[PDB]
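Chains A and B are the protein sequences, given in the same order. When the letters of the first sequence are read in order and numbered with full-length UniProt numbering, they come out as residues 25 to 93, 98 to 214. When the letters of the second sequence are read in order and numbered with full-length UniProt numbering, they come out as residues 25 to 93, 98 to 214. Every residue, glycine too, gets a C-beta built ideally from N, C-alpha and C. The structure appears below as structure tokens.
Protein chains: 2
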Amino acid sequence: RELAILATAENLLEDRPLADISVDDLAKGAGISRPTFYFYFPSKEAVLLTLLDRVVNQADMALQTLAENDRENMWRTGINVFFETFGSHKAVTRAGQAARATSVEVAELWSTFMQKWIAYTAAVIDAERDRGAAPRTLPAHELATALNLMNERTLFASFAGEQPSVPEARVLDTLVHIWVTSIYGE
Amino acid sequence: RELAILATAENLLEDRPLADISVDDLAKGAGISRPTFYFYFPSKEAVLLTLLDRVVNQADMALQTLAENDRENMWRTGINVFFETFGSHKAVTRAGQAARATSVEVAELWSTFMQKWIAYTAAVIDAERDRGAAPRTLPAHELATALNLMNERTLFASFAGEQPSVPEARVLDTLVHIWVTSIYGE
Ligand SMILES: [N-]=[N+]=Nc1ccc(C(=O)NCCC(F)(F)F)cc1
Ligand SMILES: [N-]=[N+]=Nc1ccc(C(=O)NCCC(F)(F)F)cc1
């Protein structure tokens with residue numbers, strides 16, 4: 025019944041925003057009363073927080089699976109965790125990013141996982157540098173930061189079909205070229 | 025007295041958000057009545073729209089001034109229009125970007141100037157390609173799109189001191205390295 029509230033919320037986020045979704049909306053959808061809903065979640069806001077948390081941890085688990093196992101393809105594979113994971117959860121992604129402005133727990137969750145993915149990118153760049161494959165150019169953590177923020181903005185513009193945006197079928201190739209040239213280039 | 029409302033709004037946006045600023049707040053600040061304010065602007069929302077419009081057109085005019093007059101330094105100079113212009117107007121920038129979610133005129137204004145700056149970046153890349161200085165890699169307009177969205181996200185993260193972000197004193201160098209390597213690199 026927790027799963028039913030979450031699934032009902034993911035569905036309703038595909039045809040309208042959170043503001044236009046009532047607790048009763050979520051209650052009916054999971055086939056429970058308004059008050060029974062409140063036993064599982066304090067708000068519709070915490071329902072989005074739980075969805076976002078699950079999408080983010082799926083991405084994070086998938087990037088850990090890669091880390092335990098050519099260079100252009102290694103970066104493609106890692107960028108593709110975020111493309112596939114968030115691209116399969118477009119409504120949660122769109123509503124997650126919107127809720128950063130108004131929910132401190134959404135902003136902190138997003139902030140924590142971004143710190144973690146930048147720290148991972150920076151360790152990979154330093155490892156490529158230590159073994160002589162990439163040149164010592166920018167500080168690794170500053171380059172990591174900017175490449176991760178590029179992906180956030182560019183992936184989410186594409187998913188939401190913003191103008192402007194890279195077409196979704198061209199965004200992976202676009203990002204991989206920019207990562208690989210800026211990491212290996214002089 | 026129009027200038028006085030705008031200046032009062034820019035000032036009050038430095039210590040709190042638009043939501044926490046009343047029409048009376050703006051009225052008092054410009055030394056006029058609430059009703060006299062409404063002769064100049066229909067809302068506090070349209071006051072932000074006019075500020076944003078002026079900041080954006082300053083950036084756009086400054087990038088036109090460059091276009092009418098080494099390669100790493102040409103890109104630095106262009107990226108520096110956005111760093112300096114928006115970095116001198118941090119509160120307007122922060123509140124402009126927030127209002128994209130809730131104002132269709134803010135989103136359309138931002139959308140139009142981004143289309144225009146991407147179209148400019150793409151023409152410069154194609155011009156560099158035609159004269160043999162840059163290789164034919166990604167489609168120019170797709171690379172332009174992603175580099176412009178990188179700058180939006182990275183500049184605004186830095187200005188607002190988000191975690192994570194590039195430190196403000198390192199963000200220009202960071203972006204120029206990523207533009208130059210991805211535009212000229214193989
Ligand atoms: N291998 N390698 N490691 C990688 C590869 C790609 C990313 C990334 O694409 N981050 C973007 C994060 C998000 F904003 F959520 F999209 C991070 C680490
Ligand atoms: N020469 N050259 N041309 C250029 C150079 C830099 C930009 C840019 O930095 N765009 C970012 C636009 C904003 F998001 F507003 F920051 C655009 C065109």
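Contact between the region 167-175 of chain A and the region 193-201 of chain A is not established, with fewer than three Cβ pairs separated by less than 8 angstroms.
With contacts defined as CB atoms closer than 8 angstroms, A:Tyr64 and A:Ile29 qualify as a contacting pair. Per DSSP, reduced to three states, the secondary structure at A:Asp98 is coil, with no helix or strand assignment. Not flagged as an interface residue toward chain B: A:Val120, since no C-beta distance is shorter than 8 angstroms. Residues are counted here when their Cβ sits less than 8 angstroms from a Cβ of chain B; for the region 128-157 of chain A these are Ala129, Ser139, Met142, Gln143 and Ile146, given in chain order. At a cut-off of 8 angstroms, the C-beta of B:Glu170 has a neighbouring C-beta in chain A.
One thing to note: B:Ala168 has its Cβ within 8 angstroms of the Cβ of B:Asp154.
Taking 7 angstroms as the cut-off, the C-beta of A:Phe63 does not count as close to any heavy atom of ligand 1.
Separation of the CB atoms of A:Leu137 and A:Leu76 is rounded to 6 angstroms, and the pair is thereby assigned contact status at 8 angstroms. The beta-carbon separation of A:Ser131 and B:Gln191, rounded to 16 angstroms, does not stay under the 8 angstroms limit for a contact. Your pair A:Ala135 and A:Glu38 does not check out as a contact, with CB atoms roughly 23 angstroms apart and the cut at 8 angstroms. Remark: the C-beta of A:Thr149 is in contact range of ligand 1, defined as less than 7 angstroms to any heavy atom.
For the C-beta of B:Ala123, not a single chain A residue is nearer than 9 angstroms; the gap to the nearest is close to 11 angstroms. When the five nearest sequence neighbours on each side are left out, the beta carbons in the same chain lying within less than 6 angstroms of the beta carbon of A:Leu87 are those of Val109, in order along the chain.
Distances between the C-beta of B:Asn176 and the heavy atoms of ligand 2 include at least one below 7 angstroms. The closest heavy atom of ligand 1 lies 7 angstroms or more from the beta carbon of B:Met85.
Only those residues of the region 188-199 of chain A whose C-beta falls short of 7 angstroms from the nearest C-beta of chain B are listed: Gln191, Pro192, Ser193, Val194 and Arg198. Per DSSP, reduced to three states, the secondary structure at A:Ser139 is helical. Around the CB of A:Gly55, fewer than 16 other CB atoms lie within 10 Å, so the residue is classed as exposed. Taken through DSSP and simplified to helix, strand or coil, B:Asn93 comes out as coil. Inter-residue distance for A:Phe141 and A:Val79 is about 11 angstroms (C-alpha atoms, whole angstroms).
Between B:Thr165 and B:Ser210, the alpha-carbon positions lie close to 9 angstroms from each other. In the structure shown, B:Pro167 falls within a coil segment according to DSSP collapsed to helix, strand and coil.
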